[PDB]
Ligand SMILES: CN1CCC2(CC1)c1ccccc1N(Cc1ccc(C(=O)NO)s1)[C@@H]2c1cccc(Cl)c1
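One chain comes next, on its own, written as structure tokens: the form solved without this ligand.
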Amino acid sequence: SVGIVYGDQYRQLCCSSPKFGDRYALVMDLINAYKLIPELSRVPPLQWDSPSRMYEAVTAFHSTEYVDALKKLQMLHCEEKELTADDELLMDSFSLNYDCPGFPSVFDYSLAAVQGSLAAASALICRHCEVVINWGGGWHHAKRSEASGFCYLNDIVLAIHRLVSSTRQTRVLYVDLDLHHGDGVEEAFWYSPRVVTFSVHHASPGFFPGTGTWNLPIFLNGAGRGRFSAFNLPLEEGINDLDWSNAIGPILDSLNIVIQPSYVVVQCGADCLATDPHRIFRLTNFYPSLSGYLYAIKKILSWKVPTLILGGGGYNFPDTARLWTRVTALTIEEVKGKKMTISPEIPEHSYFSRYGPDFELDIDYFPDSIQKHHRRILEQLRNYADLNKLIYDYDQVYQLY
């Protein structure tokens, strides 16, 4: 079974932010327009039996004072009057400003992604679904007591925490395909060997958030019993589908071989697309040159490990829907063994006119340092296996590269 998180109130809240607008409605309505909904099990977002239960769930990672401050920010933005000087200082102390401003539903919006991804984790734990999709989640930059990068609450960290705590041990592999380094998730599990994190991303001087690269400098990779358990691959601008695919393919396969995870969690932020306004990487959604995203998801799904697939960044809304619709169809095919035939032309539906002027499913695009990174990462995986007394065939993993 393949699940997907949605609901009427969930759709309203996911569409209530100034930054991401109606993106989630475009995504779900294109998936619906291509007749994929009957193939999928709807997973309802989690709701709680009291305010105390909600706080207990969110403060599994975030501090109570931060949660209090985020709730107060919503209240204040639901009244006409501006903040007092003391209220400005309070919000500033949690970085609730600049990139992460207040707006009238900021807390309900943020909490909704948590509700969706916690329900997705439970559906995997109870074996109701083999894979669950939540295009409303993936907010990987939020920290314990700090908003960052328009991420206010880290739904990813909370989902992973539910997975590892459900248990000769439970291990989670987190794979972050976003253009940006997944710093919040990496930091949350910096001391935990049972959650291995792996982010591929652009990094360069001054580019957000600044981490996930050399810090002569060296790569940090975890601490305490979590030493060697945070993996990173920073890539230069301009990379295309094939080179990005060859860059991460052998790493993914070797992480699966050595770690043998009980669950996989993928963040699939779409800001790597060639047509995203960042204009950094040159990936596509093409499906025969094969989309880097579809190559990676197909490989991860070939492992037959229960898998959570989340959204994230993506600032060209119709092209993000074009990508995530193909990811959704691919998941159905690999998991159910049931061919999905997607028309090359956008079907008529409520947002049809947003896909102009062409109305094609394909996005509108004309398509040595990596080897040193591979050597470094393979040594780190060996060190991780040594330290955690894991059994693995060094010859077979070396061949992968």
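The first residue of the sequence shown is number 1, and the count goes up from there.
Beyond the structure shown, there is the form solved in complex with this ligand, which is absent from this document and is the topic of what follows.
Asks: Even though this ligand is not shown here, does it sit in the deposited complex so that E186, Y191 and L220 each have a heavy atom within 4.5 Å?
Replies: Every listed residue reaches this ligand in the deposited complex, so yes.
Asks: Considering this ligand in the deposited complex, which of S254, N285, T328, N232 comes within 4.5 Å of it through any heavy atom?
Replies: Among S254, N285, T328, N232, a heavy atom within 4.5 Å of this ligand in the deposited complex occurs only for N232.
Asks: Quick check on this chain: which one of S245, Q74, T213, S122 has a heavy atom within 4.5 Å of this ligand in the deposited complex?
Replies: Looking at the other structure, the residue within range turns out to be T213.
Asks: Pick from 178 to 186, 86 to 94, 112 to 120, 234 to 242: which stretch has non-hydrogen atoms within 4.5 Å of this ligand in the deposited complex?
Replies: Stretch 178 to 186 is the one.
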